[PDB]
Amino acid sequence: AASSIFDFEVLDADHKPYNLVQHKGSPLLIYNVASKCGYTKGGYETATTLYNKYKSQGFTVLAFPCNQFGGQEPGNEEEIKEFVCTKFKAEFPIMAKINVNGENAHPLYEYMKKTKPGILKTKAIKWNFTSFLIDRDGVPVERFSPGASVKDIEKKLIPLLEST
């Protein structure tokens, strides 16, 4: 039905519509994020490292803040924007806070989760810092677990970059 991530509308952290289709033609990594998680440090470091290392090939990281896992994203978008830039020097796009699970789950997440299920084919996001790898057609090709390393993600990202 939906054929890519570009069939969906998302708000950036400033609550204006985000120009999502600018990333079409090259792969992306999309995280759901939290500021007060045990994965926050490792999560933002991996995201940044991958973003810096593959920026020039048209690769980006999008971060969707989410407060559904232990309530570990309590702050507003401006507070999140500041924390993220001061601590980690993350220069990638930070989006508006959303739900990833349930009746108010963002349509884009329902699509990614359905395309790339978790443990035992279950759809639900299990925690903060789950990521989806997206290909050049805007189709999700991998789900990564919270804690997934740079090298774990490169295993799939590198062959993807060399494609098309």
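Throughout, we count residues from 1 along the sequence that is shown.
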item	value
94 to 102 or 112 to 120, whichever carries the higher mean Cα B-factor	112 to 120
67 to 75 versus 83 to 91 - which carries the larger mean C-alpha B factor in the record	83 to 91
Residue with highest C-alpha B-factor in the PDB entry, from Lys55, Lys36, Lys126, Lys41	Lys55
Entry-reported Cα temperature factor of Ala148, expressed as the chain third it lands in	middle
Entry-reported Cα temperature factor of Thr49, expressed as the chain third it lands in	highest
Third of the chain, ranked by Cα B-factor, where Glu142 sits	middle
Third assignment of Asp12 from its chain's C-alpha B-factors	lowest
